[PDB]
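In the form deposited in one PDB entry, a lone chain appears below as structure tokens.
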């Protein structure tokens, strides 16, 4: 595959790529095509851009394009041993079926009123009007809603600011330092990550032992997990459950919070589209805006397309990476073992040749013919194939319910017309200076 030369030793394209990766990759697509390699910080990466190329990653077996080889070093200290990329993929495929089994309609029905209430109670602190950081706000809110829904009421009631900070300490295990440096260096963020892991695990161990002795029946996701079994017939251990609960919260929080914050700003920019979203609430749920229900959520189809469009333009997982263990073919090229193969939903979901008015925020594009339905891997915010997301439905419930409630409470505006740029320096591309103006809804 074509190789993009850089005269800068070791660093290669690091600076330019870090500054503007989408522009870097779109320029390369124009110049070298859908498949190309480059060096950055001592590693070779090979990209697959566009649906046809990306299909290799999305279709391939883990034995060929391996996820653990790239992610385990970073994730295993955060999520825990015996879970995710710390086990053989077939074990993780079973754990994912266990998790999926609890993300069902019965539970989603319960989650809606829990989330709505959590949201209304959080935003009382915003008062009738002002200008505040909506990203910080959603982050704090989403850690509460995710915990309430995915861990349950017992665990959620223990999530004070201390435990919230522990989760922030775990997050800090995902850094440039952790990627670049050996783990045996006693860096503060490493020690803080390991401390938080031990302390959260302990919180979960007690809660789990409590639940196991309890005589009561509780139909929640925790209970799905205590009841689950492998094809073996073997149940999950306390440590496996706890590892899974940590994963559920990290997965549940940052992908929803960034996406909810970008959509706030897309809707703040497009005031008519926001108005429409608010009017859809009256139409579907009634003029008197009663408590939200799951059945009503399915009927919020404009808000649905708005979320869908937010994920097109700002997918919170911007990249999917694998390690090539065996030789792989695409577009006539042969990628050898050792290349790290990458896909970028951001680049694919915005490619000129497939998306008309690619840079425009337009939810209604999905009511016409479009690459989301017309192609296989042009729209891939939740991935596809063996490593694909199991949380799309929950995420949509969480975000829909939060933004429905937020729309009912407030009208949102840009400050001096400013639309946030993308902060590329964070692992997750958050909107820069994400302060939003708000005032009471009519």
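Under this definition, the rigid core comprises the largest set of C-alpha atoms superposing within 1.5 Å between the forms. Residues that one form lacks are left out of the comparison. Numbering follows the first chain given and starts at 1.
When 233-241 is weighed against 204-212, 204-212 comes out higher, by mean CA B-factor as recorded in the entry.
The mean Cα B-factor in the deposited entry runs higher for 332-340 than for the other of 311-319 and 332-340.
Among 73, 191, 352, 198, the highest C-alpha B-factor recorded in the PDB entry belongs to 352. When the CA B factors of the chain's modelled residues are split into thirds, the value for residue 303 lands in the highest one. Residue-level temperature factors show residue 325 in the highest third of its chain, judged at the C-alpha atom. Ranked by Cα temperature factor within the chain, residue 423 sits in the lowest third according to the deposited record. Residue 228 sits in the middle third of its chain by CA B factor, as recorded in the PDB entry. Placement of the Cα temperature factor of residue 397 within the chain: lowest third of the modelled residues, per the deposited record.
From this point on, the text means the form deposited in another entry, which you will not see here.
Only one entry in 127, 183, 235, 290 has its C-alpha moved by 2 angstroms or more between the shown form and the other one when the rigid core is superposed, and that entry is 183.
Once the rigid core is overlaid between the shown form and the other one, residue 278 does not reach a Cα shift of 2 Å, moving by less than that. Fitting the two forms on the rigid core leaves the C-alpha of residue 73 displaced by at least 2 angstroms between the shown form and the other one. In a rigid-core overlay of the protein, residue 387 has its C-alpha displaced by at least 2 Å between the shown form and the other one.
Panel note: the distance between the CA atoms of residue 188 and residue 158 is larger in the other form than in this form, the difference being 3 Å or more. With a change of no less than 3 Å, the CA-CA distance between residue 193 and residue 177 is larger in the other form than in the form shown. Shifted segments between the shown form and the other one, defined as at least 3 consecutive common residues whose CA atoms all move 2 Å or more after rigid-core fitting, lie at 71-78, 175-189, 385-387.
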